[PDB]
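Enquirer: Provide a 3D model corresponding to the input given below.
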Amino acid sequence: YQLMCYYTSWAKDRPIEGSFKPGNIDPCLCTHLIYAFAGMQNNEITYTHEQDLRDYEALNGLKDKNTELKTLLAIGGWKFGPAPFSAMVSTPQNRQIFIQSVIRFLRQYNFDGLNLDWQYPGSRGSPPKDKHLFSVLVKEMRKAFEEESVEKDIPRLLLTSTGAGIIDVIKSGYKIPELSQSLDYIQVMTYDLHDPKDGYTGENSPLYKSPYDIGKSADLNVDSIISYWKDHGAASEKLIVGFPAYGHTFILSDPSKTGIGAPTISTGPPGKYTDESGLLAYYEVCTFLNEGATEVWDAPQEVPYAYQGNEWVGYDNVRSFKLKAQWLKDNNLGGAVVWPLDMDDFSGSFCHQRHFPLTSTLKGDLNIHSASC
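Expert: Numbers count the residues shown, from 1 in each chain. Dropping the coordinates below:
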């Protein structure tokens, strides 16, 4: 099994006790470290900031401590959106400029591969033709990496992509059989399944549907999402299940109605460290519980939730990570990806469950072993 771990460039900019630097990642904790995010300029991959280069040296220097460790560079993300990718895949010339820039950039900065994180081909403004063009990009990039490997006699660069977790988005953006042929891994985005627009409390990443979920809401869970990817042709061993190290918050309409599917008014207030309305890092949820929130385990979805007054949070803990790890081995999946590693309790000071409680749970239950460690 693989245990991939995202490190976000903006984590070091948080208040000092909640900030995390790439050089402080345990080199033996994960099998792959993914740096989010690279930028794009003139159809070429580039760094978003000059300090990112210092982060690349620190992150890639962890490979001297674990010689089996692989590093990937992610490009895209939700805030980046689809427009730069739509323009880049539009012509063979633009795709070639991008592919050659990727090879030079990854080799220069000692990355082992690329994580395409287009959100998304075929939606958010990206036209229907991008479902085909993204597949053409992936196949051409895979071919170029194979040629580069043969010509330079070095191990081939890895090629991965995120895969949407929302069924409708999957249908309009992904040629699953073709992508599974050319990609080494697909990081399935089995998170942000809280459906904030519907007006009810929902879990960020439930393993199974709630007995009250109806229609498309009954597909907002790990089991349904991964089953859709496999039923439509993705290689089980190439699927990397997304494990969020955070939860989503809500303001309850009635502090007496605190279950899953309870009426809500809005997103909850931002946490002190992550500063994003509707989100709390796992370490911030630990503070929420420590200061008095009522913790509930939801067995039908196999995830926890917590509330205090009118604030409600749906999240993942050690038990939900353990149950999902057992489910992923039972389903013959390729492994897991922690999103983002910087929201797990990296210091051990917020949760009192040692360093990286969520990620360490996966390291143990997925039998992660490196001869270098």
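Enquirer: tell me the backbone dihedrals of residue 283, please.
Expert: Here the main-chain torsion angles of residue 283 (degrees, to the nearest 10) amount to phi -70, psi -30.
Enquirer: correct me if wrong: it contacts residue 353.
Expert: No. In this structure, residue 283 is not within contact of residue 353 by CB atoms under 8 Å, at 10.2 Å. C-beta: built from backbone N, CA, C; applies to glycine.
Enquirer: so what's in contact with those two at the same time?
Expert: residue 345 (CB atoms under 8 Å, 6 or more residues apart in numbering).
Enquirer: between the two, tell me which one has more neighbours.
Expert: Between residue 283 and residue 353, counted using other CB atoms under 10 Å, the more crowded position is residue 283 (27 against 17).
Enquirer: next up, the contacts around the residue nearest to that one when sequence neighbours are not counted.
Expert: Nearest non-adjacent residue to residue 283, counting by CB to CB, 6 or more residues apart in numbering: residue 350, 3.8 Å away. Shown in contact with residue 350 (CB under 8 Å, 6+ apart): 283, 284, 286, 287, 290.
Enquirer: of the residues you listed, which is the most crowded?
Expert: residue 283 (27 neighbours).
Enquirer: let me see the ranges of the strands in the stretch 51-200 of the chain.
Expert: Per DSSP state E, counting those that start in this stretch, the stretch 51-200 of the chain carries strands over the ranges 70-76, 113-117, 158-163, 185-188.
Enquirer: list the strands paired with the second one, with their directions.
Expert: What it means is strand 113-117. The strands beside strand 113-117 in its sheet (DSSP bridges) come out as strand 70-76 (parallel), strand 158-163 (parallel).
Enquirer: next one: the last one to chain centre, how far?
Expert: On the basis of CA atoms, centre = their mean, to the nearest Å, strand 158-163 is displaced by 11 Å from the centre of the chain it belongs to.
Enquirer: which helices and strands does the longest helix seen in the chain pack with?
Expert: Identified as the longest helix of the chain according to DSSP state H is helix 129-152. In this structure, helix 129-152 packs against helix 83-89, helix 92-108, strand 113-117, strand 158-163, helix 167-173, helix 176-182, with contacts taken as 3 or more CB pairs under 8 Å, 6 or more residues apart in numbering; DSSP states H and E.
Enquirer: what does the longest strand that the chain contains rub up against?
Expert: In the chain, taking DSSP state E as the definition, the longest strand is strand 32-41. With CB under 8 Å, 6+ apart as the test, strand 32-41 has contacts from 2-9, 22, 25, 45-48, 52, 55-56, 59, 62, 69-77, 80, 84, 88, 98, 105, 111-112, 115, 117, 337, 340-341.
Enquirer: the spatially closest residue to residue 264 that is not a sequence neighbour: helix or strand, and which one exactly?
Expert: If the residues on either side of it in the chain are set aside, residue 264 comes closest to residue 250, at 4.3 Å by CB to CB, 6+ apart. If you go by DSSP states H and E, residue 250 is part of strand 246-252.
Enquirer: again with residue 243
Expert: Assigned by DSSP H and E, residue 243 falls in strand 239-244.
Enquirer: for residue 304, which three-state class applies?
Expert: strand (DSSP: H, G, I helix; E, B strand; the rest coil).
Enquirer: beta partners of it?
Expert: residue 297.
Enquirer: any idea how far it is from residue 124?
Expert: Using CB to CB, to the nearest Å, residue 304 is found at 31 Å from residue 124.
Enquirer: same deal with residue 369?
Expert: 40 Å.
Enquirer: the closest residue to residue 195 other than its chain neighbours: what's it in contact with?
Expert: Of all residues not flanking residue 195 in the chain, residue 202 sits nearest, at 4.7 Å (CB to CB, 6+ apart). Contacts for residue 202 were tallied using CB under 8 Å, 6+ apart; they are 193, 194, 195, 196, 217, 220, 248, 260, 261, 314.
Enquirer: hmm, try it at 7 Å
Expert: For residue 202, the contacting residues are 193, 194, 195, 260, 314, by CB atoms under 7 Å, 6 or more residues apart in numbering.
Enquirer: count of residues packed around residue 107?
Expert: 13.
Enquirer: check contacts around the residue nearest to residue 264.
Expert: Listed by CB under 7 Å, 6+ apart, the contact set of residue 250 reads 201, 264, 267, 268, 312.
Enquirer: over to residue 371?
Expert: Contacts of residue 371 (CB under 7 Å, 6+ apart): residue 68.
Enquirer: that one: what secondary structure?
Expert: Three-state call for residue 371 (three-state DSSP): coil.
Enquirer: give me phi/psi at it?
Expert: Per-residue torsions, residue 371: phi -60, psi -20 (degrees, to the nearest 10).
Enquirer: what separates it from residue 4, distance-wise?
Expert: 19 Å.
Enquirer: how much space separates residue 35 from residue 177?
Expert: 29 Å.
Enquirer: who has more neighbours out of these two?
Expert: Neighbour count, other CB under 10 Å: between residue 35 and residue 177, residue 35 has more, with 24 against 12.
Enquirer: what sits against residue 30?
Expert: Taking CB under 7 Å, 6+ apart, one finds 3, 4, 5, 359 in contact with residue 30.
Enquirer: and the two most separated of those?
Expert: Greatest spacing in the contacts of residue 30, by CB to CB: 4 and 359 (10.3 Å).
Enquirer: tell me the strands beside the strand holding residue 250, with direction?
Expert: strand 264-267 (antiparallel), strand 279-281 (antiparallel), strand 311-314 (antiparallel).
Enquirer: closest to residue 227 out of those?
Expert: Closest among these, using CB to CB: strand 311-314, at 21.5 Å.
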